[PDB]
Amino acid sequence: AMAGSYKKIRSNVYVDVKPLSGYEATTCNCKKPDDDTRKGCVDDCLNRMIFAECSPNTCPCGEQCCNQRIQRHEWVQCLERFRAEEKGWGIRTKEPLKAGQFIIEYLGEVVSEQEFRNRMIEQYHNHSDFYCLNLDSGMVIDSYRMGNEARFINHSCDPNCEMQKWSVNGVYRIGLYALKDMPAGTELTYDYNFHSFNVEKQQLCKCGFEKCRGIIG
């Protein structure tokens, strides 16, 4: 099997909805570290603490703010698409990744719950194959047709990555972050049961984890 084709996008395509968070969180009290060399808003950050990215024009740390990862597309660069046992295609990293590190934004079309169920009737044959993540209050990020390499990341009952919902300039967007340190050649995975949507067509899980749950979704 050849990999699924899709329309690569650099950012989310908003169709019929706006997943506005309800706050432009601004202005932490992080102190700008004195030499340009080092990066700020690291752990104590009043923005980070609530999963909000800082805004470039209010943040006391200016260009050393490391809390604007998704807005600046600070995607890792060593992802490879590969043929992955019986899971079809997967994504692995070519170089070690550290716990908590941002990996990539998960990109797609942002549609309402309704619109996704139409696509599912009119186009998808009532199975999305987990090419879609819940975003917020009935909105869905649909990567079945448009997205980025993150759509190829497989499920594991013992995931080494997770999806996080961030408020970014007043809009919910979703990052993949490492849950644990990872060496080169490691396949990326996250728990679809937590992050993905309602699809009642369950599928057998091949994650191969001692305590695998046997089924996905």
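The first residue of the shown sequence is 1; numbering continues from there.
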query: If you average the CA temperature factors over each stretch, which comes out higher, 185-193 or 24-32?
result: 24-32
- prompt: Which is higher on average in the deposited entry, the C-alpha temperature factors of 138-146 or of 114-122?
  reply: 114-122
- prompt: Of the choices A84, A99, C132, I103, which one's C-alpha carries the largest B-factor in the record?
  reply: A84
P60, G175, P159, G170, ranked by C-alpha B-factor: the highest one: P60
- line: Of the three thirds of Cα B-factor ranks in this chain, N154 occupies the lowest
query: What third of its chain's C-alpha B-factors does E80 belong to: lowest, middle or highest?
result: middle
Modelled-residue ranking by C-alpha temperature factor, third containing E109: lowest
- request: Report the third (lowest, middle or highest) to which the CA temperature factor of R48 belongs, ranking only the modelled residues of the same chain.
  value: middle
- prompt: Lowest, middle or highest third: where is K180 by Cα B-factor in its chain?
  reply: middle
